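In mature numbering (1 follows the signal peptide of the UniProt record, and there is no 0), the protein residues as written are 1 to 105.
Ideal Cβ positions, reconstructed from N, Cα and C, are used throughout, including at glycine.
Worksheet for the structure shown next.
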Ligand SMILES: [Cu+2]
């Protein structure tokens, strides 16, 4: 795989790790829709809205399987630690008009 998952389920926004690269989900959008990080960085999405959101990478992007992240409730967070260079597109499962990408380089 090209990312590891610290926590399979969401955790509180206040529990964000030191050094994590935060993407806010606000105004119905990934507020940083194209993020550039280095190998080994942890990206943490934080849902700021009442509507639940996730991140969803189709099969063949982060690895063989799709990575369908857990639904984050308001003020919950979810992390992926990227371990390989590449370009990784994702969307929100219930709201597929929400699109983002992580470029690892
Ligand atoms: Cu959504």
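Classify residue i as helix, strand or coil using the three-state DSSP reduction.
{"i": "residue 34", "result": "strand"}
{"i": "residue 182", "result": "Here the chain has residues from 1 to 105 only, and residue 182 is not among them."}
{"i": "residue 17", "result": "coil"}
{"i": "residue 68", "result": "strand"}
{"i": "residue 12", "result": "strand"}
Between the alpha carbons of residue i and residue j, how many angstroms are there, rounded?
{"i": "residue 67", "j": "residue 50", "result": "23 Å"}
{"i": "residue 71", "j": "residue 4", "result": "18 Å"}
{"i": "residue 31", "j": "residue 99", "result": "10 Å"}
{"i": "residue 13", "j": "residue 47", "result": "8 Å"}
{"i": "residue 61", "j": "residue 97", "result": "18 Å"}
If I follow the unbroken beta strand (DSSP E) through residue i, where does it start and stop?
{"i": "residue 82", "result": "76-82"}
{"i": "residue 26", "result": "21-26"}
{"i": "residue 99", "result": "99-104"}
{"i": "residue 61", "result": "Unbroken run through residue 61: none, as it is neither H nor E."}
{"i": "residue 42", "result": "42-47"}
Anything with a beta carbon under 6 Å from a heavy atom of ligand 1 counts; list them all in chain order.
Counting every residue whose Cβ lies closer than 6 Å to a heavy atom of ligand 1, we get 53, 92, 94, 95, 98.
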